[PDB]
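Student: these chains are from a complex, not moved at all, and more is on the way:
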Amino acid sequence: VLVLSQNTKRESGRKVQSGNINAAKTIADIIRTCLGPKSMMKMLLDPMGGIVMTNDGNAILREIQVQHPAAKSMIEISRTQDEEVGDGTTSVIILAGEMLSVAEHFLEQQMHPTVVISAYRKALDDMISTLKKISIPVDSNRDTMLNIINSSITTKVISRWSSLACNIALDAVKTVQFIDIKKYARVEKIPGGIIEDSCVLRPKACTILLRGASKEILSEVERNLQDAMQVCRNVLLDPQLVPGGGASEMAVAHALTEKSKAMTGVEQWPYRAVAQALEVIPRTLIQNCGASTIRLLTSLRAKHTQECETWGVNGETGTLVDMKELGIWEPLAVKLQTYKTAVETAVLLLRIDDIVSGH
Amino acid sequence: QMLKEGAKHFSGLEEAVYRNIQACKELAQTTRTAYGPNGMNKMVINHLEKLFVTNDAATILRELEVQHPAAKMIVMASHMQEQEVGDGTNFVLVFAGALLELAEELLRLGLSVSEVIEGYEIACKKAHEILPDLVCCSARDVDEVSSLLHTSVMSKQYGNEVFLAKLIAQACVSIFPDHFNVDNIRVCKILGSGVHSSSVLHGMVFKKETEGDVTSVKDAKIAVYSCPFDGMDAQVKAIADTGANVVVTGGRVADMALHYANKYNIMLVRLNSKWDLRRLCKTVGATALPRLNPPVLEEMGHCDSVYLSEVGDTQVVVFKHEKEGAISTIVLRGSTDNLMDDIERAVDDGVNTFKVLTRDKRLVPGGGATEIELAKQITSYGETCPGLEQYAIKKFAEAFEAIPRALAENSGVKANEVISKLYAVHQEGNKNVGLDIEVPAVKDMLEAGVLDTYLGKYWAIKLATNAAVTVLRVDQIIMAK
Amino acid sequence: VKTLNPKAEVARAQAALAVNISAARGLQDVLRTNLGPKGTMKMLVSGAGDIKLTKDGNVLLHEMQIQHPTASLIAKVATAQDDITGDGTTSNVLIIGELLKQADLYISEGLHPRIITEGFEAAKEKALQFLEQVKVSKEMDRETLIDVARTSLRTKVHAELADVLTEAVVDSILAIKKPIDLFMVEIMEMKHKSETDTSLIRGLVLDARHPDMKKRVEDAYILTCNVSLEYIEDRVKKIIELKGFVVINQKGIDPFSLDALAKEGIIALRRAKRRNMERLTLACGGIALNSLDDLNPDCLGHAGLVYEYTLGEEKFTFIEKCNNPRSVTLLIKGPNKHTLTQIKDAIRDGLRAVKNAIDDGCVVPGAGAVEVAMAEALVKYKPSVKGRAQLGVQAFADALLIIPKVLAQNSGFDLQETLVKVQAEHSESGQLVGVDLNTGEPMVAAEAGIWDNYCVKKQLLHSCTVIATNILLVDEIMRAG
């Protein structure tokens, strides 16, 4: 009979949603822990005795040899997200995985994909309007830009001299800003000394001259600086910023859920499913703190719906606090793309009901 | 060594929860099919190779071989519910499972079992407060009587005669309901002709044994006996002096005691069950005369009609037309034993339902209507009650969504679609809005007629709840083999 | 070597200690699931399919077929904790278990068992002496008694109606104290109705055989009779002449004798349990003569009001208003029989709780409030003893902290986290700091009413240390002959 070449696996219908969804969900729960300042860096040991210690989800997915195509598309999700800005690489992955985890459930209730996906794509459009309907518009302006660039240098090996790197990124971006071009900032890294002996070299395109005691440290100062420049590239395209600590996710969630009862129908559930999915961010967040995720979630949505959106998860205090007051802000672009790249992936991923391979 | 001896199956925490919940689900779903006019009966055959074709969940569980601890708790819920009002026997089952299902999901997430119970227990008291407010009080009144009896006759094999079984039970429970008692109703399953031949006899029917005796006695002076008529002349002669033209012996009667009772023109009946004797003493006013020497004329009950009818081709004495007949007899008729079994099973239920009226007029629009309302209310209630309990309360209500879910289930209607629609139309059409299986679409149960007893629902929630809660606490139990 | 007989297990070296520790630890964790107000009762089913569902630890460890020689010992500990004191039976099992845990930690480190024993023992004495400094002095105060009896009823089934039962307990205990005696409070449980009808009679409650015997005798003179009244009228003549209006017989009464007794207006009952006869002679002051001819007008107990009222369709004989108001009866009205089973155990403990409360004006803040205290005390007592002994004390203190931990455990809250709060608040407020699960935070146990009897805590450390340590010595059992 051999309808198709011998040994060519072909998952069909339900046999596809299962192997595809889970595989992606599972890979999303792997780097999940590597979220937040409490990240649990895994020590990836390739099949040769290698020792890869890292927190970044991308770098991890590029070390773990995957065979199932579904999990491979994920490594591609972190490849696109990590190239744009850098951080949040795990965010887009965790979300894409959850969406499939909450979707499969509906599949159990026998909710045909057509309906689901339809709600997913539409819900995606809701988050975008939401993100903009609550973003905090902050000023160019050297002062502001500094803060933005600083928060993009406070987690890497360059955080050591972030202040210096900031003034360097701020200048490199504010000068090559006509929409700013990320190809007019030449980075001349030179091994030797401390990252403190750096100085921007001026011009329709400067020549930043970095310095690095080592070879690995110098390339790191180049990447982080480039990312510090990226956020600055966003304040030129997306001068909007929303409170982090999960504050955002919670808002969009509480909003989407409310919209669910307004839309009703069969798609009334998916809407909530997507909203509840956004809750994973603040959930897993507080989890990295060893605090009660559930309990927190309760009090979270509590003071959140009562007193504006200025409240978020305070990992250092293991409790809910006014992010705005603490001075915790995240570029709307950062969040903007996240929800997008996520939903999108999950969507078309759910359209995959078969994969012709070889074994 | 071994923590516990041998042959002791144990389960702790979640490990136990999963098993208990699972076993209850399959058991709750098994009978779930026996709900509504789409009730799919089952055939259980015990050791004695006996076939039981019943739609009543209780009858099913009390005939199924259950050895699972938690699972046995479900047999109790259906047992009590069947002893309370009868109707809703399956209601408790399914619901009980759904609860455990929603609860288990809460634990796997990290929620404390304690809170679970509290949330569920608190919502159990809230619902018992919502039902009495939403309920639709109805008017006794033969017009309203037939309405409730007409909604309790459907969903069974005798639905073809829901009009006859309605009037038959409407007449009986309306001749001696002082404070009505379901024990003053004697149903007889006589084979022959369709159920459209069922009659209502004002009294108690049985089977005589003598021919030459008076087959149809007028104002009879019944004398209930229990002592055998074996040796026989002085015994039967002492019965003719009192004026007893109708002898209802409890045990056997001697052939010489029959010939004498056959000569005195006294209709004698031997082999009378102990219950038939008691029912004959509270219907005609006869006294349970032990020996055959103490009977007199003041121990004889009066029965205006005691004839021998051969309906269906089987002789039967009909002691009807008495002074204060407190016990009537429902003469059922069936073409097959199968149909006769189902019919009777449902007749009793209606007898209990009517007994609920005499002690509770209130009634609710069944068919899932009330369930959805409670779900709606309870859910909102949860949002009004802060704390982790808000989750447990809302989850409890989500369980009520399993009732209408099963309704559209035994009909082949996508629950996901019918449910969402039901709620929407229910949040606008109020309580009355329900689900009409005969025509897959939302419909006013109050108008459709489908009305259940308030008290019927009440107990259900409580019994099922408390029960489920118990099975969840005992999360560690080995044995003692 | 052949000092043993074929098939003789032998524990050797650390192996014994290991198996023993884990053993006692395992069973200790299994019973730890039913501790606290959020505890969970267990359903033990022996061979005959029996189903023992209780919350008390002792009973459980008495039904579970334990194969662990160590656990078996842990069963003897819970026993000596239920026979001497009663409540908290669980608390003990956990202490000894957790205690061994701390020790082993040390043993595996290199510390010799002996030195460890001295460490714990050194802390024990001090501990018991600390309970003598932290005991709350009150009195036969009715208020505190109500609090204790109430707190005792809690953490159980009747926790729904603690207020009512508690009150009855205080009264019954106040009328039986001479030196309190629980054998003066007859606990009679009856089904039908709710458990909110429970009343407190001041006499006897038997559960007129003949329909002609008075249903209410005023100054009813009881003529206790043990012998049977069968093979008759001459025996009835001897009673009427002895002026016996209420003859409570222990054996059956001949049907003909009841007619002669009722004809005289004599109220005679038959088949009375021997235990009820002795309670009728110690309350009404009557003499129980064997033969019917040994009775006399001087062996008749004086009763004030002997009425037969229905306690749920069942007519009970109330013989209250006895000449001696020191014999009270605690009637228990409740739903099912199984429910009354547990409840009856609650009162048994409630009476014992109040009993010791009056016999001993001690009332320490339970809910671990004492545990944490003693713990911190020893922690500051270990530096004064130093040596490996310092460790022992410390470990004993760390083992005492298991109670509060388990509390935060069965509640769902974070064990460790809560422990820090309670400890930090205990060293700031005093000995009145406890773990209130209902509030999810440490509160003043002496302010919520949560109090425990000194005897408990005191006896606890005693039974624990002794046995526990002994289990560290027995490093080999060997089953031979």
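Tutor: Looks like it came in fine. Residues are numbered from 1 along each chain as shown, chains lettered A, B, ... in the order given.

Student: counting neighbours, what do you get for residue C:106?
Tutor: 19 (other CB atoms under 10 Å in any protein chain shown). All C-beta atoms are positioned from the backbone trio N, CA, C, and that covers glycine.

Student: that one touches residue C:393, doesn't it?
Tutor: No - Residue C:106 is beyond contact range of residue C:393, at 11.9 Å (criterion: CB atoms under 8 Å).

Student: tell me how far residue A:27 lies from chain B.
Tutor: Going from residue A:27 to chain B by CB to the nearest CB, to the nearest Å gives 22 Å.

Student: wait, what's in contact with the residue lying closest to that residue once chain neighbours are set aside?
Tutor: If the residues on either side of it in the chain are set aside, residue A:27 comes closest to residue A:71, at 4.4 Å by CB to CB, 6 or more residues apart in numbering or on different chains. By CB atoms under 8 Å, 6 or more residues apart in numbering or on different chains, the contact set of residue A:71 is A:23, A:24, A:26, A:27.

Student: closest one of those to residue C:260?
Tutor: If you rank the contacts of residue A:71 by distance to residue C:260 using CB to CB, residue A:26 comes first, at 88.9 Å.

Student: what number of residues lie near the residue in the stretch 251-400 of chain B positioned nearest to chain C?
Tutor: Minimum separation of the stretch 251-400 of chain B from chain C (CB to the nearest CB) falls at residue B:388, amounting to 9.1 Å. For residue B:388, the tally of surrounding residues (other CB under 10 Å) stands at 20.

Student: determine how far the longest strand anywhere in chain B lies from the middle of the whole chain.
Tutor: The longest strand of chain B (DSSP state E) is strand B:301-309. Taking CA atoms, centre = their mean, to the nearest Å, one finds the center of strand B:301-309 at 30 Å from the center of the full chain.

Student: ditto for stretch B:440-460
Tutor: Taking mean C-alpha positions (CA atoms, centre = their mean), stretch B:440-460 and its chain are 18 Å apart.

Student: please point out which parts of it sit buried.
Tutor: Within stretch B:440-460, the residues scored as buried using 16 or more other CB atoms under 10 Å in any protein chain shown are B:442-446, B:448, B:450-460.

Student: again, but for stretch A:18-29
Tutor: If you call a residue buried by 16+ other CB under 10 Å, then stretch A:18-29 has these buried ones: A:19, A:20, A:21, A:22, A:23, A:24, A:25, A:27, A:28.

Student: now do stretch C:100-111
Tutor: If you call a residue buried by 16+ other CB under 10 Å, then stretch C:100-111 has these buried ones: C:100, C:101, C:102, C:103, C:104, C:106, C:107, C:111.

Student: if we can go back for a sec, other residues contacting the longest strand of chain B?
Tutor: Outside strand B:301-309, the residues that reach it (CB under 8 Å, 6+ apart) are B:203, B:208, B:214-224, B:246, B:267, B:280-281, B:283-287, B:315-323.

Student: while you're at it, add chain D from this line:
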Amino acid sequence: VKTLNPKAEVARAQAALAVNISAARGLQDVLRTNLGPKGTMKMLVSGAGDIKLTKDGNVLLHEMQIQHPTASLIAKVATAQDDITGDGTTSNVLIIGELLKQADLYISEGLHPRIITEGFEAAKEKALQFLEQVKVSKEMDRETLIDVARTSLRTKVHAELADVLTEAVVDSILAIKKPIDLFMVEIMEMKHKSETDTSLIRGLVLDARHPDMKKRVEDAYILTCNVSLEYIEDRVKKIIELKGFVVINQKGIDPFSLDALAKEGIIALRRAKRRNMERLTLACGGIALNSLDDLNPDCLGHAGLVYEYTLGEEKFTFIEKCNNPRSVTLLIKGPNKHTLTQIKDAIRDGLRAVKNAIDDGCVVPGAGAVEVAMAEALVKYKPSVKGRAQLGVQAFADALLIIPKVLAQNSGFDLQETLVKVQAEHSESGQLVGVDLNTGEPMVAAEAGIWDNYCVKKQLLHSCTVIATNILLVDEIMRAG
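Tutor: Time to bring in chain D:
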């Protein structure tokens, strides 16, 4: 659904954590028996007749081909303790190992990994700061240097003649200090004779070419050069014109040039090691140009006595007596060449400590004195921070107590017993109380002369806690086969 490659063992929950901690604790067990002045060396036999017998932790962890993905990290930690400092390498290993084990205790109890992470981090702040409050300020005196230098040599093979070596060190470091620099001590090992022949030569020591050239020069003007002297006379004429009596060539010399230089009475050697060429330019202060016509009196070294003694049938050219030997040579004569390797490594560390000693007149009471202190300081520091951290800090304090315990372990005295005595006396005398194994009782380190450098200790806790915690966060790794 093969989301992972075949044979890809994966560890997620507690598994990874537990498995990781164990692997680190195990290695810590293999390097724990070589700590303290009584520790025992180890012989690493790399399957190939190779026998590496040393005591240094690093070296050992560098020869053992470990497979533990975790131990490798441990081997990395010890590496960061030998580079940033020197000795103590072992100590650091035992700290990280034992510490992780302390955490596992907390984790298995419910404590969140990251939460415990901050604990050690917050306790580290205190631990380091305390070192600042215990650092005894010493001087660059000779005594303090001889006492510390000796202690360094001890715990090793040369412990037999530590006194002598210590002398050679104090002189080599005192002569190179003007801002010290260990890279000024030319460690040159030579077999033959006993280890009691090791001397400190204030100059280079090579291993006259032509038999016609002078062999013993009084005050030779070192005219070091690189380029070869072969194609010759014009090259020899320029040397005598520059007043170069002892020409040290890096390359060989032409046969016709060795007779010309031997004629002028010039002492020239050929084929000298490059390292020696640099050690002669910094010691005798001479310049070693390239060509020959370039050399001049400006590049002449001022040696005091360059003779040739064959100490061991091997002609050696000793160019001693340098004006200002900024390049001192510490000659080392040992019985076996293997003994030299160890002695050399011992000095390299011994010298290091001295450098630190003179680079800062600071030092801490060794022998566990510091640990017992920090531990006590942290214990009183835990009640302040409070919260789940309190445990973290306390655990960190207990983990610090591993040093003293192990010491008694490698000595032969009771672990716990000694710990008590040391702790008691410590909480009395002060930071001066340590564990003196050489006496088998708690003594004053500062008194016995036992002191440890500041840098050493400080670096120990840092590299430990830091790396240690990271491993704890790694809950997964994902592999393949």
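
Student: go back to the buried residues of stretch A:18-29, now with chain D?
Tutor: Judged by neighbour count using 16+ other CB under 10 Å, the buried positions of stretch A:18-29 are A:19, A:20, A:21, A:22, A:23, A:24, A:25, A:26, A:27, A:28, A:29.

Student: picking that back up, next structured bit after the longest strand of chain B?
Tutor: strand B:316-322 (DSSP states H and E).

Student: that next one pairs with which strands, and in what direction?
Tutor: If you go by DSSP bridges, strand B:316-322 pairs up with strand B:203-206 (antiparallel), strand B:301-309 (antiparallel).

Student: give me whichever of the ones you listed is most buried.
Tutor: Highest mean neighbour count of those: strand B:203-206, a mean of 23 (counted as mean count of other CB atoms under 10 Å in any protein chain shown).

Student: pull out the CA atoms of it and give them to me as PDB.
Tutor: What follows is strand B:203-206, C-alpha atoms only, in PDB (Å, rounded to 0.1, in the frame of the first residue of the first chain):
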ATOM      1  CA  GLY B 203     -58.700  -0.500  47.800                       C
ATOM      2  CA  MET B 204     -56.400  -3.500  47.900                       C
ATOM      3  CA  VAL B 205     -56.100  -6.300  45.400                       C
ATOM      4  CA  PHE B 206     -55.000  -9.900  46.000                       C
END
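
Student: get me the contact residues on chain B for chain C.
Tutor: Within chain B, the positions near chain C by CB under 8 Å from any CB of the partner chain are B:1-5, B:8, B:12-13, B:69, B:111-115, B:473-481.

Student: in chain A, which spans are strands?
Tutor: Under DSSP E, chain A gives strands at A:42-44, A:52-54, A:136-137, A:186-187, A:190-191, A:207-208, A:211-212, A:240-242, A:311-314, A:319-322, A:330-331.

Student: so what secondary structure elements neighbour the second one?
Tutor: Contacts defined by 3 or more CB pairs under 8 Å, 6 or more residues apart in numbering or on different chains; DSSP states H and E place strand A:52-54 against strand A:42-44, helix A:57-61.

Student: which element is residue C:147 on?
Tutor: Going by DSSP H and E, residue C:147 is part of helix C:142-153.

Student: which parts of the next helix or strand after that helix are buried?
Tutor: Once helix C:142-153 ends, the next helix or strand along the chain (criterion: DSSP H and E) is helix C:162-174. Residues of helix C:162-174 classed as buried: C:162, C:164, C:165, C:166, C:167, C:168, C:169, C:170, C:171, C:172, C:173 (neighbour count, 16+ other CB under 10 Å).

Student: packing partners for helix C:162-174?
Tutor: Packing partners of helix C:162-174 (3+ CB pairs under 8 Å, 6+ apart): helix C:142-153, strand C:199-201, strand C:328-333, helix C:337-359.

Student: residues contacting that helix, please?
Tutor: In contact with helix C:162-174 (CB under 8 Å, 6+ apart) are residues C:142, C:145-146, C:149-150, C:153-154, C:158, C:180, C:185, C:196, C:198-200, C:328, C:330, C:343, C:346-347, C:350-351, C:353-355, C:358.

Student: now the angle from it to strand C:328-333?
Tutor: Put simply, helix C:162-174 runs at 160 degrees to strand C:328-333, going by axes from the mean of the first three to the mean of the last three CA atoms, to 10 degrees.
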